[PDB]
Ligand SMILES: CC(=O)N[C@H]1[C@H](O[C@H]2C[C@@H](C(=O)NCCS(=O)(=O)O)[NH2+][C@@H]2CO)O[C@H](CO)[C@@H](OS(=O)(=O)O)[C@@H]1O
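One chain comes next, on its own, written out as C-alpha cells in the form solved without the named molecule.
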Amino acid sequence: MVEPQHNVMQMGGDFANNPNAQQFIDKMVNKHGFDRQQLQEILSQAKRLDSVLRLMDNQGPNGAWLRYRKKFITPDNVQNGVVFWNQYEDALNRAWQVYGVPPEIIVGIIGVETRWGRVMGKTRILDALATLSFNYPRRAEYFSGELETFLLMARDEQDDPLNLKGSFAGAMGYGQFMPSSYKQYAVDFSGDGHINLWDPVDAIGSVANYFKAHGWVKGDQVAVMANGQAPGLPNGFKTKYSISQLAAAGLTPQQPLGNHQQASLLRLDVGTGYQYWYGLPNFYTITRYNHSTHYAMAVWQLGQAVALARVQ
C-alpha cells in the first residue's frame, strides 16, 4: 500500500544530475514539508527549455512610438477590449470602488498582456521555472524563489503543477502574474474562496490590488502632454525634474498640473518629431508592471481607446 521509497534518492529527466535541483528539493522538504520522492517525480518530468534561456539572455526621430503603439491599438483590439469591458463591467466597477483603479487601466493592462485571455502562454510554468532556477546562474536565486512560491501555490490552490501554462518567464493568466505577485497581490475577487489567475474576475481585482499597492492615486492624472521641446534634458520614466526646471527648458503643460511640483520627462518618437510629456506618479505606477515608457503609454492609451469605443 504505502510506498515510502526512501531508497529512491535519484531522479531522472533533464535535471537528473543537477546540483541546483538537488538543493532546491532539500529546501522544499526542510522548509515546507514537501515529500522528497513526490517532488523528484514532479521534477523528473520538468524539461530544460533552451528557448527560455535564450530569451532571458535576449533581454531618430524614426517613429519608434508609432510602431510600438500600432501593435496594440488596432480596431480588432479596441473592439475586443469593449467586449471584455462590457462583459466584466461589475467586476471592473467593483475594483474601481475597492481599489481606486479605473476600468481603462485594468482593461488596458489585461489587453496588452494577453489580449483579454487570448494569448496567455503555452509554456508549462514548471518547465520555465525549473530551467531558469537550475540552469541559469544569472537569475537563479530569483527564479528559485518563484518556483518555490509556484509549487506552494499549486499545493494550496490544489493544482497539478504540470498542468499550468504561461510565459517563458513563468507568468500566469489574464494579467500574466509571476508566482511572487500571486503571493503578494492576487485576491479572490470572484469570492469563491479560491485565487485563480485564470479567472478574469480574480485577475481584474488582482491587477487593481497590485496597482493600489504600488501607489496608484485615485482620480489623479497619469501624464500631461507638453507644448515645447526639451532636447537638452535626459528623458525616460526614471527621470525627475521640478515643474520649474521643465518650464525653464521650454515646456508648458497642455493641461493644468494641479499640485504636482515635479515630474518625469517622457519623450515619444512620433516620426515627424518628438512629443514631450510630464510624467506624473500614476504613470510611474503603470511602469511598475513593466519597466518601460512605451509599455505604460500603450496600456494607458489602449484603455482610453476602449473607453471611447464604448461610448459610441
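In this text, residue numbers run from 1 along the sequence as written.
Q: Note how many residues of the deposited chain are left out of the model between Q59 and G60; the options are none, 1 to 3, 4 to 9, and 10 or more.
A: According to the record, 10 or more deposited residues lack coordinates from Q59 to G60.
Q: If you average the CA temperature factors as listed in the entry, which stretch comes out higher, 109 to 117 or 141 to 149?
A: The stretch with the larger mean CA B-factor is 141 to 149.
Q: Would 88 to 96 or 119 to 127 have the larger average of its C-alpha temperature factors, as given in the entry?
A: It is 88 to 96.
Q: Looking at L233, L197, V101, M225, which has the biggest Cα B factor in the entry?
A: Each of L233, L197, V101, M225 was compared by C-alpha B-factor; the highest is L233.
Q: Reading the B-factor column of the entry, which of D202, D159, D76, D192 has the highest value at its C-alpha atom?
A: Comparing C-alpha B-factors across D202, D159, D76, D192, the maximum falls on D159.
Q: If you rank every modelled residue in this chain by C-alpha B factor, which third holds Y210: lowest, middle or highest?
A: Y210: CA B-factor falls in the lowest third of its chain.
Q: Within this chain's modelled residues, let me know which third the CA B factor of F134 belongs to: lowest, middle or highest.
A: Lowest third of the chain for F134's C-alpha B-factor.
Q: Lowest, middle or highest third: which one holds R155 when the chain's residues are ordered by CA B-factor from the entry?
A: According to the entry, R155 has a C-alpha B-factor in the chain's highest third.
Q: By the recorded C-alpha temperature factor, relative to the other modelled residues in its chain, which third is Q38 in?
A: Its C-alpha B-factor belongs to the middle third of this chain's values.
Q: Please rank the C-alpha B-factors of the chain's modelled residues and tell me whether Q221 sits in the lowest, middle or highest third.
A: As the PDB entry reports it, the C-alpha B-factor of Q221 lands in the middle third of its chain.
Not pictured, yet referred to below: the form deposited with the named molecule bound.
Q: Does at least one non-hydrogen atom of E113 fall within 4.5 angstroms of the named molecule in the entry with it bound?
A: Answer yes; at least one heavy atom of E113 falls within 4.5 Å of the named molecule in the entry with it bound.
Q: Check whether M178 has any heavy atom within 4.5 Å of a heavy atom of the named molecule in the entry with it bound, and answer yes or no.
A: Output for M178 is yes: heavy atoms within 4.5 Å of the named molecule.
Q: Is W198 close to the named molecule in the entry with it bound, meaning a heavy atom pair under 4.5 Å apart or at it?
A: Close contact is absent here: in the entry with it bound, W198 is far from the named molecule, nothing within 4.5 Å, heavy atoms only.
Q: Does the named molecule get within 4.5 angstroms of any non-hydrogen atom of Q22 in the entry with it bound?
A: No, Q22 is distant from the partner.
Q: Of the listed stretches (186 to 194, 165 to 173, 152 to 160, 90 to 98), which one has a non-hydrogen atom within 4.5 Å of the named molecule in the entry with it bound?
A: Of the options given, it is 165 to 173.
Q: Only one of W85, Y210, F237, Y241 gets a heavy atom within 4.5 Å of the named molecule in the entry with it bound. Which one?
A: Among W85, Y210, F237, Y241, a heavy atom within 4.5 Å of the named molecule in the entry with it bound occurs only for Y210.
Q: Would you mind checking 132 to 161 for residues with a heavy atom within 4.5 Å of the named molecule in the entry with it bound?
A: Heavy-atom contacts within 4.5 Å come from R139, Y142.
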